[PDB]
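This document opens with one chain alone, in structure tokens, the form deposited in one PDB entry.
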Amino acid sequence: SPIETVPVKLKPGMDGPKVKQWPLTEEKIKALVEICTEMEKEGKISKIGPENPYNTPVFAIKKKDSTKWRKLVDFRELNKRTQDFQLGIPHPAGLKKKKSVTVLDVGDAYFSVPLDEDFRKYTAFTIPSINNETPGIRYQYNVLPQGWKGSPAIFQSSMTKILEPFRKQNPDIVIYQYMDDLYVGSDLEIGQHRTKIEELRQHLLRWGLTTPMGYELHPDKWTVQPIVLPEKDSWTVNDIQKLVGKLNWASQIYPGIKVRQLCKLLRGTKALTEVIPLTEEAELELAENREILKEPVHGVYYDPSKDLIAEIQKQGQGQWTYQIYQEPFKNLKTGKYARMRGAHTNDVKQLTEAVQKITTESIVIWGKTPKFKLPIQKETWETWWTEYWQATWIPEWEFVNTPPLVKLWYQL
């Protein structure tokens, strides 16, 4: 049901994405063929020729409380070459303060709005075949595609119309749209909250988009976990040394930190196991530092012109620590992630969970996804991330070798 399409434009000089398709399992290929041949019948996508030199990777996932294959297009390249995405969506600062936030998939809405004819070419993707027997099945989009930051930017106008009545009826509720999702926050009792969400789904329903008791976030109960300083009766050289190092490091973040009194204890070539009584002076410095570490961090502020970075460390025992900053040590936020009953044997599974959680928090706090520094081998991550991935979006990531000390500094 076409309308007046919004003319889209790539950044001057920038050209369309030409990203290779990674091999997929027969299971996922079968699923994508079934899904795509159905989208073709509905006119959402159409086959393309070899004169289209563009490509964007495609995968198949399954959301939580979902056993039906879903198509996930990785538009990260196209997104970076777009913006345009010009008329962006403003991020409300009230969202992070709500007692509860509910995430709602509204991606099905985008398939109503036709995509600018001259932009379609850039949304090209391939369904590969096993053992390269058949050439890939190539398609492009005719409608706003899910996963492209251009879709929500264009759909704003229609989204505000859809939400106008609900907004005027509940002017205290915060609604934030990021990619294929809607973030809805209120300070209401969980019962009213859920009731209000249900009502919101009905409004969306009237507009053809079935928006299914989604994941419930509580940004209020989010508290930056400190760096953690031990609490022992007697201390060894090893423990003080371990403490000096830790604080020496933290001093790079929180200026108020002191270590001269503690260091005074570490003098002479003593055995690591020797017990050492702490001077009353060191006791203060220590306690004083613990207080500093409780509170945020004076000086760090979110800069909307700069990228967000997230580092994750494997702590063991299904535990993972992470930090979000724009400039190293200048932590805007730190946290933890403990394996939920089930992933009792999978590192990749837990890391993908941790990444999604951290990404979700970023969207809520800043309305932006961070660039991840993943403690894993590329090929391994490349091979398995889709096996447990359930988000409609995909953040940027790179692979790194965790510095052994960093693990300790943030170890709990």
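In case it trips you up, residue 1 is the first one in the sequence shown, and so on. The term rigid core refers to the maximal set of C-alpha atoms that superpose within 1.5 Å between the two forms.
Residue 340 is a gap in at least a third of the other entries compared, counting only those with both neighbours built. Compared with other entries of the same protein, residue 65 falls in the group left without coordinates by at least a third of them, where both flanks are modelled. Coordinates are given for every residue of the deposited sequence from residue 342 through residue 343, so that no gap is recorded there. Counting the deposited residues that fall between residue 85 and residue 86 and carry no coordinates gives a value of 1 to 3. Averaged over CA atoms, B-factors in the entry run higher in 294-302 than in the other of 175-183 and 294-302. When the two stretches 392-400 and 5-13 are set side by side, the higher mean Cα temperature factor goes to 5-13. Within the selection 147, 214, 191, 128, the deposited Cα B-factor values reach their highest point at 214. The PDB entry assigns its highest CA temperature factor, among 228, 103, 78, 163, to 228. Residue 353: CA B factor lies in the lowest third for its chain, per the PDB record.
Split the chain's modelled residues into thirds by C-alpha temperature factor. Residue 317 is in the middle one. Among the modelled residues of the chain, residue 233 sits in the highest third by CA temperature factor in this PDB entry. When the modelled residues of the chain are ordered by their C-alpha B factor, residue 157 lands in the middle third. Sorting the modelled residues of the chain by their CA temperature factor places residue 257 in the highest third.
Heads up, the form deposited in another entry isn't pictured, but that's what we're talking about next.
Of the residues checked (254, 166, 178, 111), the rigid-core alignment between the shown form and the other one shows a Cα shift of at least 2 Å for 254 alone. Core-superposed comparison between the shown form and the other one: the Cα of residue 307 travels less than 2 Å. Shown in the overlay between the shown form and the other one, fitted on the rigid core, is a CA shift at residue 292 of 2 Å or greater. Fitting the two forms on the rigid core leaves the C-alpha of residue 282 displaced by at least 2 angstroms between the shown form and the other one.
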